[PDB]
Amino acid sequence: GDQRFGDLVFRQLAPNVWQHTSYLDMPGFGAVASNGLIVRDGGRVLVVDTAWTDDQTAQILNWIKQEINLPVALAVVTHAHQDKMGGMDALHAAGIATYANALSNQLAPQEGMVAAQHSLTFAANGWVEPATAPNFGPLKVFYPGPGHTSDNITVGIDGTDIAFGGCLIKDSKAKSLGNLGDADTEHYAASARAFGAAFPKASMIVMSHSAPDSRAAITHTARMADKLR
């Protein structure tokens, strides 16, 4: 049921939701998948995360034009690392309004990423301040606290069973929390737990580097993170 367009793979998760997957061949690891989301919101499309590269990101947009044929209104990118923000220039060239955590945009230059056009800010309880996320339709943006990076954010899709943990959440059989080069090992477990509590009825948990899982991914990630303190 999965579809290939250029270097990208797409999988439909729900009537109005698809996962996009892009690959980069890394020293040491070889080919590494990274996943984001595409959401049809009535007459428009919303994107979560770029692909690794601008070329791959343009392939997402072309697949959307071909298969969905609705304007892409905006994209939310989930932290300032290549897998999630590598394709910003491609979104900007296509005229898609981009949104990231303020902190992602502040870190972006140091991390070699291009900042988004707009900054999301968050309350103490993690929820986006709504004036910063105008007309986000079903996307509910949550900052769960520092974990994979200090700026990692997460998104739930209202009206669906789906929530996206990005690179904070690992699958429920994972052996480790993977890339911890920029991680907050002290607060990781609470941040994983906070994402779970923010989206308490999501049953399909989508994440950057494994296929969609159940809520078990959340509790497994938190259990692994507990051992880093």
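Start at 1 and count along the sequence shown; that's the residue number.
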* Looking at the deposited entry, does 99-107 or 68-76 carry the larger mean Cα B-factor? -> 68-76
* Name the higher of the two by mean Cα B-factor in the PDB entry, 22-30 versus 195-203. => 22-30
* **Candidate residues 41, 49, 54, 184, the one whose C-alpha B factor the record puts highest** => 41
* From 169, 37, 163, 180, pick the one with the largest CA B-factor in the entry? -> 180
* To do: Sorting the chain's modelled residues by C-alpha B-factor, tell me whether residue 87 ends up in the lowest, middle or highest third.
  => middle
* To do: Relative to the other modelled residues of the same chain, rank the CA B-factor of residue 132 and answer lowest, middle or highest third.
  => middle
* Asked: Ranked by Cα temperature factor within the chain, is residue 112 in the lowest third, the middle third or the highest third?
  -> highest
* Sort the modelled residues of this chain by their C-alpha B factor and say whether residue 16 lands in the lowest, middle or highest third. => highest
* Classify residue 61 as lowest, middle or highest third according to the C-alpha B-factor given in the PDB entry, relative to its own chain. => middle
